[PDB]
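One structure is given here, and the rest of the page talks about it.
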Amino acid sequence: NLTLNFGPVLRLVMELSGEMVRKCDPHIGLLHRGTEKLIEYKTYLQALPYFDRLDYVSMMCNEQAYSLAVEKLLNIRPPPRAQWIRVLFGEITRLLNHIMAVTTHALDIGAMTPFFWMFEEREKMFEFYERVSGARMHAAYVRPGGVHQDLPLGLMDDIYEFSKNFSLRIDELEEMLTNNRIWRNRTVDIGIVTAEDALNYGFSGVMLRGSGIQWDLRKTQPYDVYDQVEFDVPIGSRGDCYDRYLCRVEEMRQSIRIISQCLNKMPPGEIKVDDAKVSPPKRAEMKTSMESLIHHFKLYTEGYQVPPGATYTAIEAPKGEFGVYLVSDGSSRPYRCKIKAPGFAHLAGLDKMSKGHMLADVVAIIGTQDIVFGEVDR
Amino acid sequence: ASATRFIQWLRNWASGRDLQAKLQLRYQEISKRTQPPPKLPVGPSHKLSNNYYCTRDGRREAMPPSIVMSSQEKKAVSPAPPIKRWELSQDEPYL
Amino acid sequence: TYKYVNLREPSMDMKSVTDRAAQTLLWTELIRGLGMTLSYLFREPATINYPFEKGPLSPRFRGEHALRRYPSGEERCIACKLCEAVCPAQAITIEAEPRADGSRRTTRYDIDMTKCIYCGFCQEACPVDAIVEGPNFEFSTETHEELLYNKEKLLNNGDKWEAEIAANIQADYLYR
Amino acid sequence: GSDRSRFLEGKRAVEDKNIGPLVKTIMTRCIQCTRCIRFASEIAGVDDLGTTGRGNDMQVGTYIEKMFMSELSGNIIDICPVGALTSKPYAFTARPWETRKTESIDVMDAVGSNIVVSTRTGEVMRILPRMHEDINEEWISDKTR
Amino acid sequence: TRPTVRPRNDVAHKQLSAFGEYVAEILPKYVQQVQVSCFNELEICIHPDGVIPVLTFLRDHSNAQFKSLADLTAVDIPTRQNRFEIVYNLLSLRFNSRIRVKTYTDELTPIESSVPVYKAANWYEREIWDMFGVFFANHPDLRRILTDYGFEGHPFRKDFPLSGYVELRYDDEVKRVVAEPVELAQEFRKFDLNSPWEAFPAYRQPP
Amino acid sequence: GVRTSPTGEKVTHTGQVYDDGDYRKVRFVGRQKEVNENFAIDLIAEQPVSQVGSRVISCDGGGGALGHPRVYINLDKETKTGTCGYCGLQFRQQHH
Amino acid sequence: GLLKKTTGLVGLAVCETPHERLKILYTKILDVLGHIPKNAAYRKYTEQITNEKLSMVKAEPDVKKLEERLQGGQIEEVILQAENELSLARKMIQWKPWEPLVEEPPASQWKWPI
Amino acid sequence: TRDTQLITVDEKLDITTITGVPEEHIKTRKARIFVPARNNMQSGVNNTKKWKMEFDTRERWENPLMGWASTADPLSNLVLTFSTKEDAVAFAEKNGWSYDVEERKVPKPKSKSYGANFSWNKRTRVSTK
Amino acid sequence: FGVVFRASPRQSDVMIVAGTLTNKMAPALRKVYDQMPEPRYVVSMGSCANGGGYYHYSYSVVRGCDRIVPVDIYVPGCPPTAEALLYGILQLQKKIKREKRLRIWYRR
Amino acid sequence: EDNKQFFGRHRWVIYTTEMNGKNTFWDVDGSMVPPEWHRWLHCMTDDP
Amino acid sequence: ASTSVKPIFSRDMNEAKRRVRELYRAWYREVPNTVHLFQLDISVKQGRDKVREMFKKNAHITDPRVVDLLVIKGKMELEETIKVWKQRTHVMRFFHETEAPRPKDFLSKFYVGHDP
C-alpha cells in the first residue's frame, strides 16, 4: 500500500490503498517540553502558570482542575464568592473553546467565514480575561484558595451586554452549517463510535455524549457550585461527527444559560480563603501587621507546605475530562504531577475511528475530537 | 448604527432576523473606563476575639490514610448506590 | 437533565415529502446560506485603524517590567530578592551590597525578557512596589541581545513610564 | 502561631549599639532571649553583655561604648534567633535559599573545625560552623569565619 | 460549619471502606493492602502478577463495573528496592465512583500489558516506557512516543538531570542539525526551600 | 552623578566601567552604553532632615498603602540622625 | 409492553425477548459458579447477587417496571452486564484468586512519605 | 508460590549500560552519601532526617555578555533522597558511580538542670539572668 | 496591510515561529527555511521561540529558534498581544524599507 | 474623539510629521505616543 | 529466592546471545539501504564499523535480563531507521562530526581545565 509521511505539530504516517485509509499512525512529541518534570522544581504556586499552557484554548479551566486538587490535599475550602467567579469564567472559557473547536473544524474543511465572525466574539471575551487578570490568555487567575483578585467594578454589566447578543451569533453559525448539505455530507456517519468502544478506549466528554452515554462530571461529580445552576446535557444518537458537532453547538447555548445565573446569584464576600498560611494577605495589611508581613514573606519564597498524600482530581473541561494525579511528600514542592489530557486518549483512537474512510475524512475526525497538542504532548 | 434605513432593511431581510437590535459592535452600553474606587469586604476570620487559629486550621485536620486491610452471611456491597436515571428536560426535550 | 440533539422523525406525508424534494432540486437551504453572507457584506466591519487606533486595555495589563522610585528620587527596591524567589521562569538575577551611604541596594538587577512569561508574580511579591509590569507592549527588537535587560535599562523604563504607571497603580491598588 | 494581628498600638523602637566591625546590631529586632548574654559569659568568658533597664524598656547591650572583640565573638550571630545580631561582612549579599552548601574542613588552625561553605553562582558568600561533638561542637573562631 | 475547612463526607468514607474489604476478600492471592484517604479515595495495592486478574474483575463484575480507565502512570522512588510504582485510575459510570490500583516493578522486571482489559492502555504504557523505562510484556506496539528519535535515557527518572545531556544546534559546515554536550549560558539555580521545622505532626514517622 | 573614565566611557551608579584594555568594550562601537542619569544616592541626600518632637517616629514612605512597610525609628542619639531603612528619609528630635 | 425502537446507545441493539435471555444467562452463571470452591468469596457473593437479580426477572412481567427494580439502565445494558459476569466467572476458575497471597511486599514498599 | 516461572541470576546488579548516561559522567564522578548538617542559623532539626546523595562540584565561569554563571556539568543540581544509608549505597552501586559514605552525626544527650544556675559551691552558678 | 492569512512555504516571504521549538521539531523547521525562496525573513514570536521561555531549562526544548535559523525580529511576551505581533510585522516592513541592495551593488 | 463610533474606533491619533529630529511623514510608529496620552488612547481611563 | 527473578525473553545467557546475533545480522544487512535512502556521505564500510563499535561496548554484560533490554532498544532503534522515522540528522548523531577531539592523556587535560 502507498505510504505517506505527511508530517509538518502533528506527523501522520498513513498507508492508503487508493482512496481508503488502511492504517493511521500518529507520531506525536513535536510539542513535548517536559512540563511534568519541570513542575517538580517549582512550588505549588510557581507551577500554576504551567496549566494555562497545556490546553491553551481553555486556560482558566486547567487552573481550576489544579486548584481543586491542591485545595483537596490542603483540606481547605475556597470562599463562596470565589466559587461563583470560578464558574462564571469556567463557562466563558467553555465558549472560547467551543468557538475555536467548531470554527477551526469548519475552516479545515473549507468553510472559512464563520471563523472570522466568531473570533470577534473571542476578542471581546479576551477583554474579560484582561480586565480581571491583566493577561488576555494566560491569566493565572484561579489559584488554590480562590481567585487572585476581585472583579473590577462594571465588569458584570459588560458580561451581561455580551451574553445578551451571543445567542444570535450561534444562530448565524447554524445558518451556515447545520442544514447545509455539503456540511452534512462531510460529517454524517463519519467516525462512528459505539458506546462500548468509547468507554474502553478512554473517551470522555462529547466523545461519550455523542454516542448516547449519559455522563457529565458537572452533574454526577459536581465541583464548586455547579449543583446550584440549571443546565441540560446534550446527547447524541448516532455517535458521528455531525451529532458531536450538534452537542458542542448546543453546549454553547447551555453555557449562556449558566452565565445568566452566575450574574444574578453572585454573592458578596471575599475572593480567597481567609487563611493566611495558604492565601497571601492584603497588601494594605501586609504593610502594617507583623504576621501579615511574615506570611507574605514565606508564601512567596518557600510556599505553603501541603500534607503528604496523593489525589486524582478531575473536571469537565471543554475538551473532555481533565485531571491531575498530584502527589505530595509534605514539602512546598510537589513530588509527582501527572496530567490526564482528554485529547491523549482521543487521538489514540484515531486509527480505530478512521477504518474504512477516505483520507479527507481523517481531517474531519481529527477536528471532531478537538485535539490541542499542548495537552497531548505536555 | 449609522446604516441608512434602506440598507438596514436589506440586511434584515437577507438574514431573516432583526440585526439592529443585537448589534455585534459596542457603542455606549458599555461600562465607563473610569470607575469609582471600591471598598472590598473582609473574610470571616477578621475578628478580634474567639478567633484562635487552632480552631480553624484546615491543614492540621488532615490525617494519614486509614488501613482497612494489610498483609503485614456478609452481604454484597458496591462502591456506592447505583446512579439514578436522568430525566428529560421540560425546558426543551428535543432540539 | 438531558436533551436529544438529533432524534427527530421526519414526516412522510406528501406535502412534507414534496417540501424536501423542492429543497433537494431547487437548493433552498444553500441559497439561505448565501443570504447570511450577503447581510455581513452590508454590516460595518469591526476592523480598527492601527497604528492610529489601539485596542482597549485595562489598568491591570501586564507588559514591560520596570523599576520605580519614591517621590524623592530614591529607588524603591531594597534587594529583598522575593521577586527572584517567586519568578517561575527564573528570569531575574540580583546582586546586592551595602551602598556608600549604607543602604541595602542592588548592584545587579537583570530580567531576561526571553525567559520571562509575563505573569505578574514579581510585582505581587514585591513589598515596596518597586518591580512592576507597565502598560507598554510595543518593544520588539531586531536582535536577541536587546531583550536582556539590566538595572540601567529597567530604571530608564521606570523614569520613562512613571506618569502612566503611577496612575494605573492608583486605579487598582484597592483590589490588591 | 496565628496568621493575623489584632495589635492596634504603636511599636517599641530601640537605638543600636556598636560592638565592633564583626557583629552588626539592629536591636529593635531583639526578643530579649538572652542567648548572647549566656554565651558570652559561659562559652567565651567575657562578661560584657547584659540586660539594662526594666520591663518593656529592658535592653541588651554593653551600657557603654564597648567592643565585644573575642576569638569566639562571631558565634553570637548564629545563636541569636533573630536579625538583631548579623554578620557585618555578609550584610545584604545573599539570601539563605539561593546558597549552595558544601561541607568542608577548616585549615586556619590545627584543630580542624568542621565548617559549611556557602557558595552562590560560583562565589564564596560565607563560612558557617558544622556540628562535631569531638572537635568544635557548633562553634568556630572569628578567623575561621 | 467552619468557612475555611473542607467538609468531611463520612457516608462515602464508610461505603468505600466496605467495598475495599469486599475486593480484598475476593482476591487474597493478589491484594496486599487497602487504604482509604481522608478525602475519600480508595487505593488497592496488589502484587504485580495480578494486574490482569484484578483489573478484569473490576471491569466485569456486576458490583464493580469500572468500565473506564481514567489514567495510567508511574512514579519513581529511588529509595525502594522496586523504584517504580505503577498507578491505575479507574471510573465507574454505573455506581459513580473511582478507585486506584497500584503495583510495583524495577528497571529489569517486566509487567503484563493491560491492553486486553483496556484499549486505552496502549498509549499510556508507551509513555511509561518512554519516560521511565518500564517494559510492558505482550504490548502490541511498544516504542518511544514523546521523546525524540534516538533519545538516550528516560527523562522522568528522578536521577535524570533536568536539562538533559545533549542540546541541538545548526552547524553550517555539515548543513544539518547536530547534537552536542549541553552547556548553559546561565546555570539553573537550586533553591533549598524546605523549612527546618516540622509542618504536620499527624504524619510523623517513628524514629 | 555620572563621571567619565579617562578613556571616555561613563561610569554607572554601581561603579561599573570597562578598563582601557578590556576587549568587552567592542560591544559599544557604533552604539551606546545605557546609563541612568538619576543617581539615587545623590537624590536622597538633597532631602531635608525632618524635625520631630517625639522619641520615636514612624515612617511608611508616604501614600499609605502605596509606600513601604511601616517602621518605627528611635531618635535618642543626638550624634546622628534617624534614617529609614526603606526610603532613606531622615528624622531628628527637636533639641531633646 | 410495547417494544422500544432504540436503546439510545450506539452499537447496542434492541432485544425482543429480555426475560428469556436473562434467565438463560443467569442460570449459566450459577452453573459456572458450581465449579468454584464452596468457601471462595467470589462464589458466595456472585451467587447472592445473581439470585436476587434472577428473582426480580421471574417476578416482574413488565420490562419498564423490571428496569426500575434491577437499576441497571436499559434492559439491554443489564443483558450486556450478565454476559460480562459470565465471562469473568469462566476466567476466575483459571486464575484461582481465592488462594493465599503469592508473595509479601518488601519491608517499606507502601510507605509514604519515605 | 507465584505462577510465573523464575530464573536464577547470580550476578551483581549493574544497569550502567541501559540508563543512557554518557560514560563521561559515570567513571569520573564521585557521589557523596551523607545526612545534611543542621543549618547553624536555626534550631530546627527537620532537615537532618533523610540521607542525601550529591555529586562533586565542577567549574562555573562567567558569561561574557551578561556575567551570569555558566556551567558544563549536567549533574550540578542533582540531589537524591534516601530513607537509609543502605538504600543510598544500593542506588550508587547499580548505577556505577564511585561514592563516599559519611556516618550520621547525632548530637549526644546533654545533662540539663535549671537548679545548677544557683549552686552553692560549684562553678556553674551564673551571674546574670 | 497586504499580509495574507496563510501562504505555502514556497510562495512565502516571511516565516513566523509562534510557539515552542522542541528538539524533535528543529530539523523540520530548518528544512522549511532552506526551501523558502529568497528574499526570506524570520520573525520570532513569544518567549518560547526567542529564548525558550518557561521551558528554557528543559531537556527537549531548543533554547531559542535563533540557534537553528537566523532571526530578523523578536516579538516579546507570553504570548505577545495580537497588537504586539502586528507592531512587529510593521517593524519588519520598515526594516525592509531601509534595504539598499542596489545602492551597494552599484558601488562594487 | 468621536463617541458615535463603535468602541475601538472612537479615539485615534494623527501622528506628528517630525519627532526627535526624525522625518515621520511616512514612517509613523505606535511607540511615538507619550505615556500621559498612552493611557487615554488605550481606554485605560476616560480623562485626557 | 532473592536471586530468583522473572525473565524478559531469555532464561539464560545462551539464549540471549542468539538474540544478539540475530539483531547484528539485521543491522549488518540494513546499512547499504540506510546509506542509500538517507543519501549519507559516509561509506558502507564506515557504517558497518559503527555497528560493530556499538555492539562491542556492551560485550562484558553477564546478566541475561540486561542483554534482553539492550536487544529491545536495538530493535526499536532499528525499526526507526528502516521505516525512515529518523532523519539524516538522527542517523549521523552516532558519529559526532561537529565535536572537536577531546584529549585522553593527563597532560593535555591539565593544560585546558580542571576535569579529571
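Observations on the structure shown:
Read from first to last, the chains carry the letters A, B, C, D, E, F, G, H, I, J and K; within each, the first residue is number 1.
Keep this in mind: contacts are C-beta pairs under 8 Å (C-beta built on N, C-alpha and C of every residue); 3 or more make two chains touch, one makes a residue touch a chain.
According to UniProt, the chain labels map to these proteins: A = NADH dehydrogenase [ubiquinone] iron-sulfur protein 2, mitochondrial; B = NADH dehydrogenase [ubiquinone] 1 alpha subcomplex subunit 7; C = NADH dehydrogenase [ubiquinone] iron-sulfur protein 8, mitochondrial; E = NADH dehydrogenase [ubiquinone] iron-sulfur protein 3, mitochondrial; F = NADH dehydrogenase [ubiquinone] iron-sulfur protein 6, mitochondrial; G = NADH dehydrogenase [ubiquinone] 1 alpha subcomplex subunit 5; H = NADH dehydrogenase [ubiquinone] iron-sulfur protein 4, mitochondrial; K = NADH dehydrogenase [ubiquinone] 1 alpha subcomplex subunit 6.
Path length between chain H and chain I in the touching-chain graph (shortest route): 2. Graph distance from chain B to chain I, where chains that touch are one step apart, equals 2. The chain pair with more C-beta contacts between its two chains, of G-H and B-J, is B-J. If each chain is reduced to the centroid of its CA atoms, chain A and chain K end up 43 Å from each other. Centre-to-centre, using mean CA coordinates, chain C is 33 Å away from chain F. Look at where the CA atoms of chain H average out and do the same for chain J: the two points lie 61 Å apart.
Separation between the centroids of chain C and chain I, computed from CA atoms only, is 21 Å.
In chain G, the residues that touch at least two other chains are 45, 49, 72-73, 99-105, 108, 113-114.
Chain I has residues 22, 24, 27, 54, 57-60, 78, 81, 87, 90 in contact with two or more other chains. Of all residues in chain B, those touching 2 or more other chains are 1-2, 15, 19, 24-26, 30, 32-34, 38, 40, 43-46, 56-59, 61-62, 64-65, 71, 74, 76, 82-83, 86, 89, 91-92, 95, listed in ascending order. Considering their complex, residues 60, 64-65, 67-70 of chain F touch chain A.
Residues 93, 108, 110, 145, 148, 150 of chain C are the ones touching chain H in the complex.
Looking at the complex, you find that chain D touches chain B at residues 1-4, 6. Here chain B touches chain C in the complex through residues 1-3, 7, 10-12, 14-16, 19, 24-25, 33-34, 37-40, 86-89, 91-95, going by the rule given at the top. Across the complex, chain C is touched by residues 12, 14-15, 34-36, 38, 40-41, 43-47, 61-62, 65-69, 85-89 of chain F.
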